[PDB]
Amino acid sequence: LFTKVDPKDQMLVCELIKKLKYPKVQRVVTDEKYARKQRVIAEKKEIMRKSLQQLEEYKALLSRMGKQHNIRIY
Amino acid sequence: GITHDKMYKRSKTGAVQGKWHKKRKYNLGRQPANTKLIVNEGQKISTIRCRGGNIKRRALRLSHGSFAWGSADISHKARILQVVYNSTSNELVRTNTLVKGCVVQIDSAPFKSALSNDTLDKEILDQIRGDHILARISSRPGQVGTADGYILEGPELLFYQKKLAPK
Amino acid sequence: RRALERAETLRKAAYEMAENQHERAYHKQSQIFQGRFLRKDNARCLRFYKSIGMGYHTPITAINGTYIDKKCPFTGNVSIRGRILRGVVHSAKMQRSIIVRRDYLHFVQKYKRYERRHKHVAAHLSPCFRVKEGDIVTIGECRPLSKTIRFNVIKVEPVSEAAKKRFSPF
Amino acid sequence: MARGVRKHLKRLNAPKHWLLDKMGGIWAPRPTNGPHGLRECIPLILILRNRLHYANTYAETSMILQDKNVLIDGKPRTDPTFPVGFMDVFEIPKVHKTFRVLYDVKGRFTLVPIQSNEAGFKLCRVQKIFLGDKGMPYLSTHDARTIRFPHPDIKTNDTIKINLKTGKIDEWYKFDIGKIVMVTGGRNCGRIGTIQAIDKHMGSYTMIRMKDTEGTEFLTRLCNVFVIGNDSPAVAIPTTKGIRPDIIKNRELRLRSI
RNA sequence: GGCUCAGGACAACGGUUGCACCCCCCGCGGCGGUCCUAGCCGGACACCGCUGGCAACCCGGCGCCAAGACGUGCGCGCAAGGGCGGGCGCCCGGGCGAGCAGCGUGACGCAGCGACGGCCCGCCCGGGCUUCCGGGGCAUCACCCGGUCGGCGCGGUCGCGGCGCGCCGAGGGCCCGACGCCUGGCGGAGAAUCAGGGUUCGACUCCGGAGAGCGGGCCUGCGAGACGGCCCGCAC
Ligand SMILES: [Mg+2]
Ligand SMILES: [Mg+2]
Ligand SMILES: [Mg+2]
Ligand SMILES: [Mg+2]
Ligand SMILES: [Mg+2]
Ligand SMILES: [Mg+2]
Ligand SMILES: [Mg+2]
Ligand SMILES: [Mg+2]
């Protein structure tokens, strides 16, 4: 009343009573939210990569012994 | 309610101990599931909130299960036809009630669809060429909400065959 | 040859137990997969046994026996943990259970003297042991097996005939 | 029977080695769960108020802690009831004071000042090795910390050096005859000695025989034997070297100080 | 947390074991891969406005609006459970005194996390049960018990177990005092008395147990058979 909306801007005329009072908009994404989500994704990827590297080097070690772990399927 | 505390029993000498507290919630029990074979109606499984937030599911009605032929390493999901033997009581058999240790007949189609072409135990194959195969239940319905098992093999198969043949 | 004879006896027994139609259920060892008994060769073991681990030795009867007992400490599924004790046999009337008598002393400070006291302790007796009244037994602690039983027999020493009853703290 | 967990603590029911006055009050602080347990710890407020004396009340300690003025193993802690334990690092940058929490011969917690070179690590006792999810080898310690993928050469009851900044193992000391140790439980807390014998009983406790530098010999169970190096301590220890004087000598020292 | 000691006499309680029969919030440290509109999803209620019932207590109907609320859910296969996988008289690593854990593989099932990322693991405090020893008086109470004793099987439970049910057998306790009855009976750490040996008490400061008029039942929640929480009967 005035999906996939890139700008995310909006209006502000609202209603006035003197002090101007308008409800704060919710469900809006700007720089802070976009940046936060991107940082979280990067952190999760980094964590997974570090754990995989640690597993690989541990497996490279123990060449003179036996191991038992859940083989990654798919 | 229902409880399994030992304060309401007698002592090893047969004496009355006496009671010193009211009932406690740690020592409670619940009414049995009495899981029924299906033979508004369909697979129905309930969920129970147990101590510690843990979840327990009891089956009330079910019709299928996973069964394994250990000797040949063959496993499929098959439909259960009816319960034919139970050691605890014959009333459970009449009602077609599923519990661990029940002896049941399953459909042969998933097995015969691929069998009857390789050398194996003669008896299982004779069952395969028919309509049903004798089997057993190994899971606990009422605790895990499932009814799995295995196909009978040797001496136990002979025991149960000799048991149910005269009937 | 020796090994082949053992499997025959183990294989044979499972079939009489299947011919005992008076019994309501088929008793089997949980660990063993029923199916090995149709293998004509002897490349799969048919009986399961373990070691107690406190320096005790597994009887030959258990290894070469043909009995099923889920409460036996050698062929069953129970574990020994806790206190080991000694006593004498007082009664042996139940199917697989006995009553053990333990004797000890109690001191009374006022009179500077002692009293003799005894207690009765019930235990499970596996078919691998033969026991009569007056025998000496070693019992190991297990999980609750029934209303009055928390012990299992692990060693038996015979006692001679008509031997006088004696106060024997152990 | 209480219907749930306990949140309070009577003063008379508190541990003796805390040294709390009978008339201080009805109550004593109840430490919160953390690195160390109730009977092998001491709350932060007790150190900050009844020893160092930088505060005179609960409230002042609360302000000091919520203003971020104390670091425990490199991490600021704002809980007045946070538990402090053995071989912990206590640093206060505002006054350039650094202490390591150890035991005195009498059997109480003491603050041994340290240097910058040795404050980047701590010693931990490994008492449990287990397999976690996916069969991954793990390892736990006395301060409630777990490390994944430990060296196979590390066994139980060993001692481990870990950098404070990064929880990575550097070197490890094995539990063996001839290694300097420190007793952390029982009648012999705070004594230092070398292992002379090890005797095990099947299904029961394992007893360790130790000899002090002066030739005295004492026994204790393995559950409270801490390795602190290879024949020489790896960290700075109190001025005294784990020697417990007899009552006579302690009385002489008291009279001298009088 | 605070109050009290009615009830309960192989029980509670005190010391000593164990769970290889168990559950656990906060906190600390780790770990963090999820089968088949993602510049940000959908619909509501509360407060509030209009119209109202009733002595009181109590609420009704209509109406626009928010979420770290509810629901759906973007994603590198992953919850519970189930079958198979060691020996040849015994003993001489992930881990034990102890064949316990984990893993692979053939089938089932898609549980939990995810519109500002927490499912899971370990420790800690706490709880539940459990071994051994101690644990009032009366013989004008001498024989007692019949799920009482044991075995097999299922069910239920966080979990072992006659805890419950079916079948089988017959057992278990007793002058080293059973069973029954009585108590103006909570227990211990301790108190009074005073050569030494002891006698009597222990409502009350600390620990532990039990209860909230009597008797029962239950929801929420990690945790209560809770009563300054709800439902019923009885007496007020
Ligand atoms: Mg998906
Ligand atoms: Mg949501
Ligand atoms: Mg009373
Ligand atoms: Mg009290
Ligand atoms: Mg209460
Ligand atoms: Mg109540
Ligand atoms: Mg009131
Ligand atoms: Mg209250």
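All Cβ positions, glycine included, derive from the backbone under ideal geometry; neighbour counts span all protein chains shown. Values in this text are rule-based calculations from the coordinates and carry no lab data.
Each row is one residue, and each column tells you yes or no for (1) surrounded by 17 or more Cβ atoms within 10 Å (Cβ to Cβ); (2) within 11 Å of RNA strand E (Cβ to nearest atom); (3) more than 14 Å from chain B (Cβ to nearest Cβ); (4) under 26 Å from C:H106 (Cβ atoms).
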residue	(1), (2), (3), (4)
C:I139	yes, yes, yes, yes
C:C142	yes, yes, yes, no
C:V153	yes, no, yes, no
C:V156	yes, no, yes, no
C:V159	no, no, yes, yes
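Tell me, which residue of region B:18-36 that is surrounded by 12 or more Cβ atoms within 10 Å (Cβ to Cβ), near RNA strand E (Cβ under 6 Å from one of its atoms) and assigned to a loop (DSSP other than H, G, I, E, B) is farthest from the chain's Cα centre (by Cα)? Lay out the reasoning, then the answer.
From region B:18-36, those surrounded by 12 or more Cβ atoms within 10 Å (Cβ to Cβ) are B:23, B:27-28, B:30, B:33-36; that's our starting set.
Right, trim to near RNA strand E (Cβ under 6 Å from one of its atoms) and you get B:23, B:27-28, B:30, B:33.
Those still in the list that are assigned to a loop (DSSP other than H, G, I, E, B) too: B:23, B:27, B:30, B:33.
Numbers: B:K23: 32, B:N27: 26, B:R30: 19, B:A33: 12 Å.
Per the criteria, the residue is B:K23.
Looking at region B:1-17, can you tell me whether even one residue there is within 30 Å of B:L81 (Cα to Cα), near RNA strand E (Cβ under 6 Å from one of its atoms) and in a loop (DSSP other than H, G, I, E, B)? Full working, then the answer.
Filtering region B:1-17 down to residues within 30 Å of B:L81 (Cα to Cα) leaves none.
No.
Looking at (1) of a type in the set (S, T, N, Q); (2) more than 10 Å from RNA strand E (Cβ to nearest atom); (3) away from every other protein chain (no Cβ under 12 Å); (4) outside any loop (DSSP other than H, G, I, E, B), find the lone condition where A:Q38 falls short.
For A:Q38, the failing item is (2).
Can you name the residue in region C:1-22 that is part of a loop (DSSP other than H, G, I, E, B) and surrounded by 10 or more Cβ atoms within 10 Å (Cβ to Cβ) and, of all such residues, is farthest from the other protein chains (Cβ to nearest Cβ)?
Of region C:1-22, the ones part of a loop (DSSP other than H, G, I, E, B) are C:1, C:20-22.
Now narrow it down to the ones that are surrounded by 10 or more Cβ atoms within 10 Å (Cβ to Cβ): C:20-21.
Details: C:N20: 9, C:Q21: 6 Å.
In this case the residue turns out to be C:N20.
For residues that are among the aliphatic types (A, V, I, L, M), part of a loop (DSSP other than H, G, I, E, B) and within 9 Å of chain B (Cβ to nearest Cβ), tally how many sit in region C:23-39.
Going through region C:23-39, the residues among the aliphatic types (A, V, I, L, M) turn out to be C:25, C:32, C:38.
Okay, now just the ones that are also part of a loop (DSSP other than H, G, I, E, B), so C:25, C:32.
Retained after the next criterion (residues that are within 9 Å of chain B (Cβ to nearest Cβ)): C:25.
Total satisfying the criteria: 1.
How do the pairs read when you match residues in region B:1-30 that are away from chain C (no Cβ under 14 Å) and more than 23 Å from B:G52 (Cβ to Cβ) with residues anywhere that are more than 6 Å from RNA strand E (Cβ to nearest atom) and of a type in the set (S, T, Y), using Cβ under 9 Å and keeping only pairs 6 or more apart or on different chains?
The qualifying pairs are B:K19/B:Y8.
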